[PDB]
């Protein structure tokens, strides 16, 4: 599930060794996607629990809203889920024009 | 120079959690239940007693003939 919460535990585990603080624009993105993957676990942690139990309809009622969020991942990094996006040198590249009237539209 | 952060336009949406759309509570319920229930019993005694009147009418034709 986690794509930006993993690699958050790696670059921050490497930048301490290398005597680097990351630049300040970069830190506002690691908190943004680092506080967007929690809106992927805490959707999957309830629905998949509610499927073993055996309820059908809260599995389909929330993943159809989940699709509005993978368009972000594809727009910023490289792919559907597995993105080599956080680097040890901060963020790979800047997120393009958009994604600020989209997230505010989403949230 | 073409970076993101907009000047204005924000909400937010709530973190609130409420939808108390009640709902006819507190002794208003059990009141539509009892009165409509006796209404169904009130519909009785005007049909079963009425069919009982026809029931003696049905047995009447049997007893009048058969000598």
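Residue numbers (the authors' numbering), protein chains in the order written: chain B, 142 to 248; chain V, 7 to 73. Quick reminder that beta carbons are idealized off the backbone N, C-alpha and C, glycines included.
Does the pairing of the segment 206-218 of chain B with the segment 230-245 of chain B give three or more beta-carbon distances under 8 Å?
-> By the Cβ criterion, the segment 206-218 of chain B is in contact with the segment 230-245 of chain B, since at least three pairs of Cβ atoms, one from each stretch, lie closer than 8 Å.
Based on the DSSP output, what are the partners of residue 228(B) in its beta bridges?
-> Position 87 of the first chain, counted from the start, is the residue given in the question as residue 228(B). DSSP lists 231(B) as partners of residue 228(B).
Hey, would you say residue 142(B) sits closer than 7 Å to residue 181(B), going by beta carbons?
-> In the first chain, residue 142(B) corresponds to position 1, counting from 1. In the first chain, residue 181(B) corresponds to position 40, counting from 1. Yes.
Proximity below 7 Å, CB of residue 231(B) to CB of residue 167(B) | If you number the first chain from 1, residue 231(B) lands on position 90. If you number the first chain from 1, residue 167(B) lands on position 26. Yes, these two residues count as a Cβ contact at 7 Å.
Classify residue 36(V) as helix, strand or coil using the three-state DSSP reduction.
-> Residue numbering aside, residue 36(V) sits at position 30 when the second chain is read from its first letter. Residue 36(V) falls in the coil class under three-state DSSP.
Report the residue from 203(B), 244(B), 197(B) whose alpha carbon sits nearest the alpha carbon of residue 183(B).
-> Position 42 of the first chain, counting from 1, holds the residue named residue 183(B). The candidate whose alpha carbon is nearest that of residue 183(B) is 203(B).
Starting from the N-terminal side, write out each stretch of the alpha helix (DSSP H) that is 4 residues or longer and does not extend beyond the segment 163-238 of chain B.
-> 165-175, 179-188, 190-193, 198-217
Residue 185(B) at chain V interface by Cβ criterion, 7 Å | Numbered from its first residue, the first chain carries residue 185(B) at position 44. Closer than 7 Å: no.
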